[PDB]
Amino acid sequence: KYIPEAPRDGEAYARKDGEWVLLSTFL
Amino acid sequence: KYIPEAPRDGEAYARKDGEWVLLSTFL
Amino acid sequence: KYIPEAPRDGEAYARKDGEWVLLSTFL
């Protein structure tokens, strides 16, 4: 598939297992 | 809606508020 | 110029040079 827009919520996101997950967590 | 291709410039981006932002800007 | 899904392998991904790169490359 193609990837949809990430949340519109002030936060940056990486992509993991077909979903948007916060970057802050991994960092 | 869907995300577009990110810039092509040798650096890595994440997805935020409907734009591609540098990873270094968070690290 | 929609971008296809990242590999399904449990890893966080950032977009770079028209490809998916592992977040941990830079961590």
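Residues numbered from 1 in each chain as written, not as in the entry; some residues may be left out. Chains lettered and ligands numbered in written order. Heavy atoms only, no water.

The deposited coordinates derive from X-ray crystallography, with the record listing a resolution of 0.97 Å.

Chemist: Help me understand the relation of the copies chain A and chain B, please; the structure alone is not making it clear to me.
Modeler: The two chain copies are connected by a rotation around an axis plus a translation along it. Superposing chain A onto chain B takes a rotation of 121° plus a shift of 0.3 Å along the axis, which leaves an RMSD of 0.4 Å. Each copy turns onto its partner about a three-fold axis. (Least-squares fit on C-alpha atoms.)

Chemist: Can you help me understand the interface of chain A and chain C in this one?
Modeler: Where the parts come together, the accessible area they lose is often given as the size of the interface. Taken together, the contacts link 11 residues of chain A with 14 residues of chain C. The contact between chain A and chain C buries some 1100 Å² in all, and 62% of this surface belongs to carbon and sulfur atoms. In this structure, the connection of chain A to chain C is made through one salt bridge. Here A:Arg15 and C:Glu5 are joined by a salt bridge, their closest N and O atoms 2.7 Å apart. Remark: the boundary between chain A and chain C carries seven residue pairs in polar contact. Those elements that place two or more of their residues in the side of chain A that touches chain C are β1 (12–16) and α1 (23–26) of chain A. Take the side of chain A that touches chain C: its biggest share by element is three residues, from β1(A). (Contact = heavy atoms within 4.5 Å. Buried area = accessible area lost by both parts, 1.4 Å probe. Salt bridge = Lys/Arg side-chain N within 4 Å of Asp/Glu carboxyl O. Polar contact = N/O pair within 3.5 Å; in protein donor to acceptor, adjacent residues only side chain to side chain. Helix = DSSP H or I, 4+ residues; strand = E, 2+ residues; numbered from the N terminus.)

Chemist: How do you make sense of a negative patch on the surface when you look at a structure like this?
Modeler: On the surface, A:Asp17, A:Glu19, C:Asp9 and C:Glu11 cluster together into a patch of negative charge. Within the secondary structure, A:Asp17 is located in the loop between β1 and β2 (19–22). (Patch = residues over 30% accessible without salt bridge, like charges linked within 9 Å, V, L, I, M, F, W, Y side chains within 5 Å. Areas by Shrake-Rupley, 256 points an atom, 1.4 Å probe, with all protein chains shown as cover. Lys, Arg positive; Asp, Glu negative; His and termini not counted. Charge placed at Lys NZ, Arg CZ, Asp CG, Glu CD.)

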